[PDB]
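Notes follow the structure.
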Amino acid sequence: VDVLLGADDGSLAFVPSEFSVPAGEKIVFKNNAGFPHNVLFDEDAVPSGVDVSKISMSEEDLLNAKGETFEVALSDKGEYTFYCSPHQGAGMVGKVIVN
Ligand SMILES: [Cu+2]
């Protein structure tokens, strides 16, 4: 399933902000507008047993063009918070429920 980075109107949002997927489904984050963006998972807001390092971009890796993607597939059930490193403090945060 596709998650946009930036809304069409320039808002600093993941689109959608909240959604659910079955365990293992691919999640494709797709750069849209309002650059730069990236995608990390918060070590303090993922299921016990999850290693964020292997599902997170480097903070130093920034997406600056429309249509670039970052794909992950989450094996473990429960709630994950993802965020954009440059825009963390502007509210560009989202939640995925893996079921
Ligand atoms: Cu961003």
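Every chain in the structure tokens takes a letter, A first, then B, and so on in the order presented; its residues are numbered from 1, and the ligands are numbered from 1 following the presented order.
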
If the limit is 6 Å from any atom of ligand 1, counting only C-alpha atoms and all ligand atoms, which residues qualify? Return them as a ChimeraX atom specification. /A:12,36-37,84,86-87

Write out as JSON, numbers by chain the residues lying within 9 Å of residue 42 (chain A), counting only C-alpha atoms and excluding same-chain residues fewer than 5 positions away. {"A": [52, 56, 80, 81, 82, 83]}

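Our summary of the geometry notes that CA of residue 94 (chain A) is positioned 17.9 Å from CA of residue 9 (chain A).
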
Nearest to residue 74 (chain A): which of A:99, A:48, A:11, A:88 is it, counting only C-alpha atoms?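 Counting only C-alpha atoms, the residue closest to residue 74 (chain A) is A:99.
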
Mind checking DSSP for chain A and telling me the strand (DSSP E) residues as a PyMOL selection string? chain A and resi 2-5+14-15+18-21+26-31+40-41+69-73+78-83+93-98

Could you write those residues out with N, CA, C and O atoms, as a compact mmCIF listing (two decimals), in the first residue's frame?
# COMPACT_ATOMS: atom_id res chain seq x y z
N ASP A 2 0.42 2.38 -0.55
CA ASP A 2 1.24 3.57 -0.73
C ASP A 2 0.92 4.58 0.36
O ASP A 2 -0.25 4.78 0.69
N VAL A 3 1.98 5.21 0.90
CA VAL A 3 1.79 6.32 1.87
C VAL A 3 2.48 7.52 1.23
O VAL A 3 3.69 7.40 1.00
N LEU A 4 1.80 8.62 0.99
CA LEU A 4 2.48 9.79 0.44
C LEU A 4 3.26 10.60 1.49
O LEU A 4 2.80 10.77 2.64
N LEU A 5 4.37 11.18 1.08
CA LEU A 5 5.16 12.07 1.97
C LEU A 5 4.89 13.50 1.49
O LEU A 5 5.39 13.94 0.42
N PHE A 14 2.18 12.63 6.61
CA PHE A 14 2.06 11.39 5.92
C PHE A 14 0.61 11.22 5.43
O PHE A 14 -0.21 11.69 6.18
N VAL A 15 0.30 10.76 4.22
CA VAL A 15 -1.02 10.55 3.69
C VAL A 15 -1.18 9.07 3.29
O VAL A 15 -0.64 8.66 2.25
N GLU A 18 -2.83 7.65 9.52
CA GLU A 18 -3.07 6.42 10.30
C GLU A 18 -3.73 5.39 9.42
O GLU A 18 -4.61 5.72 8.61
N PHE A 19 -3.27 4.15 9.53
CA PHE A 19 -3.86 3.09 8.75
C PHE A 19 -3.43 1.73 9.35
O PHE A 19 -2.56 1.65 10.25
N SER A 20 -4.09 0.66 8.85
CA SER A 20 -3.74 -0.70 9.34
C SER A 20 -3.36 -1.54 8.13
O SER A 20 -3.90 -1.32 7.05
N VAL A 21 -2.43 -2.50 8.33
CA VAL A 21 -2.10 -3.49 7.35
C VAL A 21 -1.92 -4.87 8.00
O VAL A 21 -1.53 -4.98 9.16
N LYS A 26 3.59 -5.04 2.01
CA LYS A 26 4.55 -4.01 1.76
C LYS A 26 3.92 -2.60 1.98
O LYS A 26 2.72 -2.38 1.63
N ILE A 27 4.72 -1.70 2.56
CA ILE A 27 4.36 -0.30 2.73
C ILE A 27 5.38 0.50 1.90
O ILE A 27 6.58 0.37 2.19
N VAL A 28 4.88 1.22 0.90
CA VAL A 28 5.73 2.03 0.03
C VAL A 28 5.51 3.50 0.33
O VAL A 28 4.41 3.98 0.02
N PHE A 29 6.47 4.13 0.98
CA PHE A 29 6.40 5.56 1.21
C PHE A 29 6.86 6.26 -0.07
O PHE A 29 7.92 5.94 -0.58
N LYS A 30 6.05 7.17 -0.58
CA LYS A 30 6.26 7.80 -1.90
C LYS A 30 6.29 9.31 -1.78
O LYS A 30 5.32 9.92 -1.35
N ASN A 31 7.44 9.87 -2.10
CA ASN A 31 7.63 11.31 -2.01
C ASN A 31 6.71 12.11 -2.92
O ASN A 31 6.60 11.81 -4.08
N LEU A 40 11.56 7.25 9.41
CA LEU A 40 12.22 6.47 10.51
C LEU A 40 11.11 5.98 11.41
O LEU A 40 10.00 6.56 11.46
N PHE A 41 11.42 4.90 12.12
CA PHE A 41 10.48 4.43 13.16
C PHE A 41 11.05 4.77 14.51
O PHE A 41 12.30 4.67 14.76
N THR A 69 10.85 6.53 -3.57
CA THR A 69 10.26 5.61 -2.57
C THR A 69 11.20 5.00 -1.58
O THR A 69 12.41 4.86 -1.79
N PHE A 70 10.59 4.69 -0.43
CA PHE A 70 11.25 3.88 0.58
C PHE A 70 10.23 2.82 1.04
O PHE A 70 9.10 3.16 1.38
N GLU A 71 10.62 1.55 0.92
CA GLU A 71 9.69 0.43 1.17
C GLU A 71 10.15 -0.39 2.39
O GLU A 71 11.34 -0.68 2.63
N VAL A 72 9.19 -0.77 3.19
CA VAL A 72 9.42 -1.66 4.31
C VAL A 72 8.26 -2.65 4.40
O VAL A 72 7.15 -2.42 3.84
N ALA A 73 8.52 -3.75 5.11
CA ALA A 73 7.42 -4.74 5.42
C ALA A 73 7.62 -5.24 6.84
O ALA A 73 8.69 -5.70 7.23
N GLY A 78 1.21 -5.19 16.00
CA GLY A 78 1.07 -4.10 16.96
C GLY A 78 1.23 -2.72 16.36
O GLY A 78 1.10 -2.58 15.20
N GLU A 79 1.46 -1.74 17.20
CA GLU A 79 1.44 -0.35 16.81
C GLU A 79 2.85 0.22 16.57
O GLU A 79 3.74 0.01 17.41
N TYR A 80 3.02 0.89 15.42
CA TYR A 80 4.32 1.53 15.12
C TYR A 80 4.08 3.01 14.86
O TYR A 80 3.12 3.32 14.13
N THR A 81 4.97 3.83 15.39
CA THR A 81 4.98 5.25 15.02
C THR A 81 6.17 5.48 14.08
O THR A 81 7.32 5.17 14.44
N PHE A 82 5.86 6.07 12.94
CA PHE A 82 6.87 6.53 12.03
C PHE A 82 6.91 8.07 11.96
O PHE A 82 5.92 8.70 12.26
N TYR A 83 8.07 8.64 11.59
CA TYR A 83 8.21 10.06 11.54
C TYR A 83 9.21 10.46 10.47
O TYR A 83 9.98 9.69 10.00
N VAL A 93 4.25 12.92 11.59
CA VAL A 93 4.29 11.71 12.36
C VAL A 93 3.05 10.91 11.93
O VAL A 93 2.06 11.49 11.64
N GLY A 94 3.15 9.59 11.92
CA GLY A 94 2.02 8.73 11.61
C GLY A 94 2.10 7.41 12.35
O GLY A 94 3.13 7.13 12.96
N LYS A 95 1.02 6.65 12.28
CA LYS A 95 0.88 5.44 13.10
C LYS A 95 0.38 4.38 12.15
O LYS A 95 -0.61 4.55 11.40
N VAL A 96 1.04 3.21 12.21
CA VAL A 96 0.51 2.06 11.46
C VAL A 96 0.28 0.93 12.44
O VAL A 96 1.08 0.69 13.39
N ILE A 97 -0.88 0.30 12.20
CA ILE A 97 -1.32 -0.85 13.02
C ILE A 97 -1.05 -2.05 12.20
O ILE A 97 -1.69 -2.13 11.16
N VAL A 98 -0.21 -3.02 12.69
CA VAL A 98 0.05 -4.23 11.88
C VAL A 98 -0.78 -5.31 12.58
O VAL A 98 -0.59 -5.53 13.78

Using only C-alpha atoms, which of A:24, A:16, A:34, A:10 sits nearest residue 63 (chain A)?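 Checking each candidate against residue 63 (chain A), we get A:34 as the closest.
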
So which bits of chain A end up helix (DSSP H, G or I) when you DSSP the backbone, as a PyMOL selection string? chain A and resi 52-55+88-90

Residues of the last selection are to be written out with C-alpha atoms, as a PDB file, in the first residue's frame.
ATOM      1  CA  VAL A  52      13.984   0.108  14.209  1.00  0.00           C
ATOM      2  CA  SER A  53      17.378   0.256  12.592  1.00  0.00           C
ATOM      3  CA  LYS A  54      16.448  -2.197   9.877  1.00  0.00           C
ATOM      4  CA  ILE A  55      13.128  -0.448   8.984  1.00  0.00           C
ATOM      5  CA  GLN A  88       9.407  15.665  13.332  1.00  0.00           C
ATOM      6  CA  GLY A  89       8.749  18.878  15.203  1.00  0.00           C
ATOM      7  CA  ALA A  90       6.170  20.093  12.758  1.00  0.00           C
TER       8      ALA A  90
END

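Taking CA of residue 7 (chain A) as the reference point, CA of residue 32 (chain A) is found at 6.8 Å.
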